[PDB]
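A structural walkthrough
These are the residues of each chain, in order.
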Number of protein chains: 2
Amino acid sequence: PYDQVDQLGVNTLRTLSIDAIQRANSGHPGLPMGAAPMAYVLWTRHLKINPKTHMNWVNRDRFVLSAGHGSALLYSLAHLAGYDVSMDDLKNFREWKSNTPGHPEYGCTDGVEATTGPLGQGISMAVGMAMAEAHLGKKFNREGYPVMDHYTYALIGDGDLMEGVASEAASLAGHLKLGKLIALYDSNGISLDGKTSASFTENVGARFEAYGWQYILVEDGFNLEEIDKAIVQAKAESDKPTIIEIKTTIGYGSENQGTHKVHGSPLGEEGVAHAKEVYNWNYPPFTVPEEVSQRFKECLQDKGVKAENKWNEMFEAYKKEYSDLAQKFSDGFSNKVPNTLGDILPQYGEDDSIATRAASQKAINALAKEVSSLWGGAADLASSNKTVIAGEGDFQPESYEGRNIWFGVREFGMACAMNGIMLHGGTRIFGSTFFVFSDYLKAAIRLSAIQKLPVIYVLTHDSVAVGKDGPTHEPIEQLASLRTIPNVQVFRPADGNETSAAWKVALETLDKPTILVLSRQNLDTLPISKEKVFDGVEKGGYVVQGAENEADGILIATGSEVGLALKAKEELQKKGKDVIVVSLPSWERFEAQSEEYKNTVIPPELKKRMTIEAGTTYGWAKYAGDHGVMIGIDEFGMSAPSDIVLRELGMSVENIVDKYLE
Amino acid sequence: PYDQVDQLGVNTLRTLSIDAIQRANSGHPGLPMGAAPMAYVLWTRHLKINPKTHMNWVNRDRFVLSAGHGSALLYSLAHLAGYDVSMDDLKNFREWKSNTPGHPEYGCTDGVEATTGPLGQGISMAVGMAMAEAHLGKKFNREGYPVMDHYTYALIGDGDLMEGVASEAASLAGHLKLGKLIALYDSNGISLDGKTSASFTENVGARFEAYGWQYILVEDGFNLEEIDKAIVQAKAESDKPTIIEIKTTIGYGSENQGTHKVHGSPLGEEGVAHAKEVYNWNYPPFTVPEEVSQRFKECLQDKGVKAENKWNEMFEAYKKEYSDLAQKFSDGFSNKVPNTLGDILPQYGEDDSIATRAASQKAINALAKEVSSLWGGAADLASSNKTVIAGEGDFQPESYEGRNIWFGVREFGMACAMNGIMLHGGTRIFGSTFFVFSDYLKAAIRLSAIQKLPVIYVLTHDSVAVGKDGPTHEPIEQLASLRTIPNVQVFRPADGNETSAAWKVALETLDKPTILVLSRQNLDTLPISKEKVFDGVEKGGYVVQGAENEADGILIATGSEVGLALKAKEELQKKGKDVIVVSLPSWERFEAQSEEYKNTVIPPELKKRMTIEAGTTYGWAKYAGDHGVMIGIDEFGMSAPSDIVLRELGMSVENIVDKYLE
Ligand SMILES: Cc1ncc(C[n+]2csc(CCOP(=O)(O)OP(=O)(O)O)c2C)c(N)n1
Ligand SMILES: Cc1ncc(C[n+]2csc(CCOP(=O)(O)OP(=O)(O)O)c2C)c(N)n1
Ligand SMILES: [Mg+2]
Ligand SMILES: [Mg+2]
């Protein structure tokens, strides 16, 4: 089944990778040299992709390189596979504006399914991808219409498996019995600092079986047929995700192979030549042997065209027999939402009072009926975040159609899975936990933002108002945390109507993650029209109550502190002080507006400003200005009843009024 | 060995806990009711503590409740054990200013060894504690002087074990063979949202054995003797940390026992009465039966006094035979550092150029000789963070005296272990990774800060200057992230001399974590005296170069951008513009100074300001002011050579000069 042309293919990967790195004078040659055999077997016998259609074929197999530092191998593969990655591209590895960056970047490079620099996330995202395949398979497949049916592959190293987030994801994958997920593990006994025997001596196989994965060992990781048999067995075990440990020699060909020294640095002109001797490789730099492009053409490209063409035909039939179903399938993939979100969403009257977690919960139930692609869940906090999708089932092996995901206490794993689910396509995801524990998943939000995924994060218990649970459960600095991440939108709704609006904007925003920051405690409805709140949230900031005539000043507030600002505006009127009250539910959305529009909300000539938010003042000087005052909380909170914490940490009308008046 | 007085003790814990919660109308009764038997066996037969001396006995056994929501049980225990937690205290659970807060708070409550609200961290910190015991045991114990010899216990639930960070910590504990660590696992089949069978069906036992832990199952978790035998076996297995799974019924006594409904809410007057019926308990609320205080007095308190008194005598001898060793042991525990840090630390001349990661590395080697308590490591990045302690050994089971810790790719687990190590006492810890991956460990920094631990974080590759590794490895928002956490100090040194100074301040600061943010690339030495840099860093911000006479304006910069500001000051002189250049290596340290001192560095009357930092502008308006300009980076970076990234994202003299002049 494997021959010498195949081995020349392996060493084509090795050489493209090492030369790319050498020419860049930057990169990681160990992994390409160790893992080319596994990647070659996978890409030529086991990856159902069609590079002819880039990444548009929704039912292609998904490959993720979790060990993102093996980027050169990936580009090398991509090239030979027929993706739009050219030999010149390989020659521009790590160069300004190349499509071949130091770590893989989704959206940058034809054929790169995920941005995987940060370790552990790549495999955790694949878990996501596999979850979505399973969920959509069950939703939409019919007898004779396997419309969503494909494998998910992650290539991982020792790094990925030390990271906790990967443990969360494997635990969860194991539990959900993702039989179409296969992890290929470049097990080389080396990590960056040295031998894994200095830090990582656990029994991985056993750990994975304890999760409910199938474990397979490939003793000789350079044996192609053995790697091939292993994958065949992985696929045969469709009741369990499978991990294949493939014992490998890092940097094979280097004098330094089997040491950390080949992890992360170019080999150097003589190391390259040396590895080429070992490979008995006498082609010139950056050269594909004809037989190798021929072998890729036949094993990979021709087979991909024919798999997609078959899928396309079957899909024409599917559309004939199940018109309405096929329509939902396409709407899933294309992000269609009804024009009626505004009327679908609940609306709250001037006299209502609701916690924004609970307004969120009602938005979710209203939306779930009308947006069939939506699903999501909570990191064991659905019943406290209020993120149960009433009546819509539980996502589980026996019911993959269920729409409530039970992520468990796995914040980071959850965020990563969301990212994968979104990268996969076909649905809209949301996930929830406490705002204070956004710290556990921050690095995944980061990847949401970089990869431009409209993941929706629902983060409740947004402030010291939490009260009796105490400082560990009371956010202070987490708005700063999330707001500063580029390409995100963070909404902190001030009431029910703001919460519905933010959900609407979350669904309509498709090129960045939307983070909804919500309250435990009830908030009064802002005393103005639903139409005004919707337009104002769409803009990110707006005036809630203007001054009768000329403004003495302006209070700018978010979330639960908008209600405080309204109360202090009243109290301050009674002292001849007429203030504007602005809600700024999203700084990012606000700052994306026209100068003209921004100046109407926060007049540049008005200097007497006060900012009010239950969290750090860091950042607020931007809006408060030289002459403003910053009402916020620059210390940890306390275990006490809610109203007491708020009072003691200065979220009160008295304190706001007093501060304005000095 | 166990009798009916003992069971009355168990149900004393149950009842104190549930009544405390009931009276608070807030708390988590399931775990106290399920886990009282394990906690009772542990505290009365297996916890060598002496509450008579609060938490001053350095060689006491360390108990951590990782499942921090079982706080009421802990207070209940603390009370009966003789800690300074009174019955009135129990009656003030979750009340403003009580010493009995909703989750346990180190420093708040006599007997509480760690702040454990955030799940997974409690056990991860115990791993820390156990690491320090092992390390100091090996450093200081001698024949007939077991001066550091004690167990570490963590009580965990299903939550702790789903979190990735706990996986990092168990992996690592397993590898380090922490035979004195015992984890007690309240395995009740319930998590907050419902049954663990909806999310968490893994084989925990097997997972732990794969880490190299010993696993023991206590089938009937209410059997005291069986829990006792199990702990005895755990201790007998001193080659492996041990986890004891103790099968339990959550909320035992409630009509709702064995369901999630008893997880997190008071039982309600009738649930309490019901559980008291089941327990056949007819004492009034908040009452300890005499036989129970008697049994605690004898099993726990009397035995603790005698263990400490014996230890104190042995320690008087130890001090006689090994005077110099005993002196170091006490200096470890009391944080003594030489007066000569200033001369111990390396110093750099006006013509030198060094990357601050590399200045950091030289500070570490210089300090390690002189500060015997220092140790630390890297999350598999020592060779890239430059945090190898030259010649001082590797921390490993065969060499626990080694001072380089190999944490592996376990950022969060590492931070948590650092926290534990610091809580334990006796050493100064540092740990390192890339600044961009501070996101992985943010939640532990948070706990460093809350618990007031002078943990030292060494976070390198601080900016887009990283270059070819690309956006996933280039920090943008991480200064904001860390600066906004209350009670931390974040230093971003602008050169070698600033880096030594910051290390000095890090060692002298004992009540908060110190975070050192360091460069990959070389930085020129600031053109001023070492003495001036030391005083200026001690103050957090200072003028590097004043204006000849009257200042046209001021550039305020940090880290690598101080050198840019100096170059632009030159370039701007040549256009009749004389500017002040301020280095602000720590905002927090700066803002802790006198108004008077702050005004000398950044004159309030000087309005033409520019701030320059390679990261988000968020926050900077505070210093830039209404009329200032903010030079920073509010987008993800790129894979390109270093100088190109800096240039393209506007970290350049040209761009600084141009911005000043419009
Ligand atoms: C989260 C995270 N932490 C640290 C790094 C830096 N890093 C890149 S690869 C690696 C170590 C992993 O070595 P392994 O995965 O075994 O790769 P090999 O050297 O085996 O190719 C590290 C620490 C990272 N990329 N992401
Ligand atoms: C990091 C983190 N995420 C979420 C929570 C909220 N929370 C507290 S306990 C818990 C679930 C754990 O249930 P388990 O540990 O099994 O406790 P039991 O209900 O068994 O007492 C959750 C999600 C938390 N405290 N910390
Ligand atoms: Mg490796
Ligand atoms: Mg439980």
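Cut-offs used in this document
- Residues numbered from 1 in each chain as written, not as in the entry; some residues may be left out.
- Chains lettered and ligands numbered in written order.
- Heavy atoms only, no water.
- Pairing = 2+ DSSP bridges.
- Helix = DSSP H or I, 4+ residues; strand = E, 2+ residues; numbered from the N terminus.
- Axes fitted to C-alpha atoms, helices over the stretch in contact; angles between N-to-C directions.
- Contact = heavy atoms within 4.5 Å.
- Core = buried A, V, L, I, M, F, W, Y, C linked by side-chain atoms within 4.5 Å.
- Buried < 20%, exposed > 50% of the residue type's maximum accessible area, 1.4 Å probe, protein only.
- Salt bridge = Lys/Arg side-chain N within 4 Å of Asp/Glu carboxyl O.
- UniProt positions renumbered as here; feature names shortened; annotations may be inferred.
- Buried area = accessible area lost by both parts, 1.4 Å probe.
- Polar contact = N/O pair within 3.5 Å; in protein donor to acceptor, adjacent residues only side chain to side chain.
- Near = heavy atom within 4 Å.
- Areas by Shrake-Rupley, 256 points an atom, 1.4 Å probe, with all protein chains shown as cover.
- Nonpolar A, V, L, I, M, F, W, Y, C, P; charged D, E, K, R; others polar.
- Donors = N, O, S within 2.8 Å, 3.2 Å for Na, K, Ca; no water.
- Expected span 1.5 Å × (residues − 1).
- Bend = angle between axes of the 7 residues up to and from the residue.

Residue and element names in this part refer to chain A. Overall, parallel pairing links the five strands, which are arranged 1-2-3-5-4 in an open sheet. Two strands lie at the open edges of the sheet, namely strand 1 (62–65) and strand 4 (214–218), each paired on one side alone. Geometrically, the sheet is characterised by an average inter-axis angle of 15° between neighbouring strands, direction not taken into account. As judged from the five bridges shared by strand 4 and strand 5 (residues 242–247), these two strands associate in the parallel manner. When the sheet's bridge partners are listed, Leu217 is paired in strand 5 with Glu245. Set on the sheet, helix 9 (residues 224–236) makes contact with strand 2 (152–156), strand 3 (181–187), strand 4 and strand 5; between it and strand 4 the angle comes to about 175°.

Turning to the nonpolar core, a few remarks are in order. Among the nonpolar cores identified, the biggest contains 184 residues, and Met131 and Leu178 of chain A together with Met131 and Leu178 of chain B are the most heavily contacted of them. What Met131 of chain B contacts, discounting residues up to four positions off in sequence, is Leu172, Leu176, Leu178, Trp375, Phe395, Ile405, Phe407, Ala417 and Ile421 of chain B. Core analysis: the next-biggest nonpolar cluster, separate from the first, contains 145 residues, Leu341 and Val645 of chain A together with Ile556 and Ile631 of chain B among them.

What follows deals with the pattern of salt bridges. Pairs can form between side chains of opposite charge whenever their charged atoms are close. Residue and element names in this part refer to chain B. Under the counting rule described, the total for this entry stands at 54 salt bridges over all chains. Two residues, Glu392 and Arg403, come together in a salt bridge whose shortest N-O distance is 3.1 Å. Separated by 11 residues along the polypeptide, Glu392 in the loop between helix 15 (382–385) and strand 8 (404–406) and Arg403 in the loop between helix 15 and strand 8 bring together distant segments of the chain. By relative accessible area, which is 30% here, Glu392 ends up partly exposed. For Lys598, the salt bridge identified is with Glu591, shortest N-O distance 3.1 Å. With a relative accessible area of 9%, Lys598 lands in the buried category.

Residue and element names in this part refer to chain A. The positions UniProt marks with the feature "binding site: Mg(2+)" (unreviewed entry) are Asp158, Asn188 and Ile190. What stands out for the annotated residues spanning 33 residues is how close their C-alpha atoms remain, the widest pair being 7.8 Å apart. Each residue touching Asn188, except ones within four places of it in the same chain, is listed here: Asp158, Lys247, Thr248 and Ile250. Relative to the elements of secondary structure, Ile190 occurs in the loop between strand 3 and helix 8 (204–211). Among the residues examined, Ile190 registers a relative accessible area of 6% and is labelled buried. Dropping the residues within four chain positions of it, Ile190 is found in contact with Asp158, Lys195, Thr196, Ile250, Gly258, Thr259 and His260.

Facing the 99 residues of chain A at the interface are 99 residues of chain B. A combined buried area of about 8000 Å² lies between chain A and chain B, and 58% of that area is made up of carbon and sulfur atoms. For the pair chain A and chain B, the interface holds four salt bridges. A salt bridge links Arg446 of chain B to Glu477 of chain A, with the shortest nitrogen-to-oxygen separation between them at 2.7 Å. Taken together, the links from chain A to chain B amount to 47 residue pairs in polar contact. Looking at the side of chain A that touches chain B element by element, the count peaks at eight residues for helix 17 (residues 438–450) of chain A.

Here the focus is the site of ligand 1. Around ligand 1, the surrounding shell holds 23 residues, and the nearest of these are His69, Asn188, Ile190 and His263 of chain A together with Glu411 of chain B. Here an oxygen atom of ligand 1 sits 2.9 Å away from a polar atom, N or O, in the side chain of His69 of chain A. Within the contact set of ligand 1, an oxygen atom lies 2.7 Å away from a backbone nitrogen or oxygen of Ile190 of chain A. When isolated, ligand 1 has an accessible area of 590 Å², and the protein chains bury 98% of it. Taken together, the residues of the shell around ligand 1 break down into 11 nonpolar, eight polar and four charged.

What follows deals with the coordination of the magnesium ion (ligand 3). All names here are of chain A. Looking at the magnesium ion (ligand 3), one finds its protein donor set to be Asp158 (OD), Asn188 (OD1) and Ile190 (O), positioned 1.9 to 2.2 Å from the metal centre. Motif for the magnesium ion (ligand 3), donor spacing along one chain: D-x29-N-x1-I. Of this pair, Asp158 sits in helix 6 (residues 158–162) while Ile190 is found in the loop between strand 3 and helix 8, placing the two residues 32 residues apart along the sequence. Both residues of the pair, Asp158 and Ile190, count as buried.

Residue and element names in this part refer to chain B. Look at helix 17 (residues 438–450): 17 Å from first C-alpha to last across 13 residues, which is about the 18 Å you get at 1.5 Å a residue. Along helix 17, the helix axis deviates most sharply at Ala444, where the bend reaches about 35°. Most of helix 17 sits out of view: 13 of its 13 residues are buried. After helix 17 finishes, the residue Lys452 shows a positive phi value of roughly 65°.

Looking now at the environment of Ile631 of chain A. All names here are of chain A. Within the secondary structure, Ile631 sits in strand 18 (residues 629–631). Residue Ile631 is classed as buried on the basis of its relative accessible area, which comes to 6%. In the structure, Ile631 is positioned 14 residues away from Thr617 in sequence and 7.1 Å away in space, judged by C-alpha atoms. Other than its neighbours up to four places away in sequence, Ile631 contacts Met610, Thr611, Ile612, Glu613, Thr617, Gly650, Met651, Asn655, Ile656 and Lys659.

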